[PDB]
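*Asks:* Structure below; questions to follow.
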Amino acid sequence: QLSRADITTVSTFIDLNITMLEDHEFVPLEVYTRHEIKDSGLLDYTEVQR
Amino acid sequence: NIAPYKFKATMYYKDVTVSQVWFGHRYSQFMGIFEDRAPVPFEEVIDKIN
Ligand SMILES: *[C@@H]1O[C@H](CO)[C@@H](O)[C@H](O)[C@H]1NC(C)=O
């Protein structure tokens with residue numbers, strides 16, 4: 001009696017590798033926050049009047 | 001870069017205020033007030049304030 005792995009084996013199937021799409025996490029990103037846009041002005045009427 | 005160049009500065013001025021007052025029999029009234037911001041000379045900013 002001999003084991004099943006003692007004889008050479010050939011794959012009769014046509015392998016098809018399937019790599020699922022990895023999960024992705026999106027982080028917040030802004031070129032200029034609303035605070036930066038407000039600060040872009042040279043003068044602010046609110047602060048000047050205050 | 002939209003942020004304006006921010007730097008610290010010190011202002012020096014005198015609030016010159018000359019008012020005209022009319023004295024009645026039983027009351028006082030301001031016939032005119034002249035407010036002006038007079039600048040401080042370099043000699044005073046250096047030899048007196050600083
Ligand atoms: C992936 O597919 C290939 C054939 O494209 C196959 O040879 C391989 O054994 C499969 N599995 C792994 C883990 O690479």
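Naming works like this for the structure tokens: A, B, ... for the chains as they're shown, residue 1 at the start of each chain, ligands 1 onward in shown order.
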So that each row is one residue of chain A with an atom at most 7 Å from chain B, can you give its shortest atom pair and the distance in Å to one decimal, using only C-alpha atoms, rows by chain and rising number, as CSV?
*Replies:*
```
residue,atom,partner,partner_atom,distance
A:36,CA,B:3,CA,7.0
A:39,CA,B:3,CA,6.3
A:40,CA,B:3,CA,5.0
A:42,CA,B:4,CA,6.5
```
*Asks:* Restrict the selected residues to N, CA, C and O atoms and save them as an mmCIF file, in the first residue's frame.
*Replies:*
```
data_model
loop_
_atom_site.group_PDB
_atom_site.id
_atom_site.type_symbol
_atom_site.label_atom_id
_atom_site.label_comp_id
_atom_site.auth_asym_id
_atom_site.auth_seq_id
_atom_site.Cartn_x
_atom_site.Cartn_y
_atom_site.Cartn_z
ATOM 1 N N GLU A 36 -9.364 79.472 6.164
ATOM 2 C CA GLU A 36 -8.268 80.012 5.364
ATOM 3 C C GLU A 36 -8.786 80.996 4.323
ATOM 4 O O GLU A 36 -8.169 82.040 4.088
ATOM 5 N N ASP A 39 -9.522 84.194 5.999
ATOM 6 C CA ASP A 39 -8.276 84.860 6.348
ATOM 7 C C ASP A 39 -7.535 85.395 5.133
ATOM 8 O O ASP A 39 -6.634 86.225 5.297
ATOM 9 N N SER A 40 -7.886 84.948 3.924
ATOM 10 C CA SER A 40 -7.210 85.434 2.727
ATOM 11 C C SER A 40 -7.411 86.928 2.521
ATOM 12 O O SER A 40 -6.549 87.579 1.922
ATOM 13 N N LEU A 42 -7.298 90.817 3.041
ATOM 14 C CA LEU A 42 -6.328 91.677 3.712
ATOM 15 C C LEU A 42 -6.927 92.319 4.956
ATOM 16 O O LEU A 42 -6.260 92.428 5.990
#
```
*Asks:* So which residues are near ligand 1, meaning at most 7 Å away with only C-alpha atoms and all ligand atoms counted, given back as a list in words?
*Replies:*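 Going residue by residue within 7 Å of ligand 1, we get residues 15, 16 and 17 of chain A.
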*Asks:* Since we have the selection now, will you write its residues out, keeping C-alpha atoms, as a PDB file, in the first residue's frame?
*Replies:*
```pdb
ATOM      1  CA  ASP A  15      -6.592  27.838 -12.532  1.00  0.00           C
ATOM      2  CA  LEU A  16      -8.272  31.323 -12.427  1.00  0.00           C
ATOM      3  CA  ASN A  17      -6.888  33.620  -9.632  1.00  0.00           C
TER       4      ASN A  17
END
```
*Asks:* Find the residues around region 25-42 of chain B up to 7 Å (only C-alpha atoms counted), leave out those fewer than 3 positions away in its own chain, and share them as a ChimeraX atom specification.
*Replies:* /B:12-22,45-46
*Asks:* Could you pull out the strand (DSSP E) residues of chain B from DSSP and send them as a VMD selection string?
*Replies:* chain B and resid 13 to 23 28 to 39
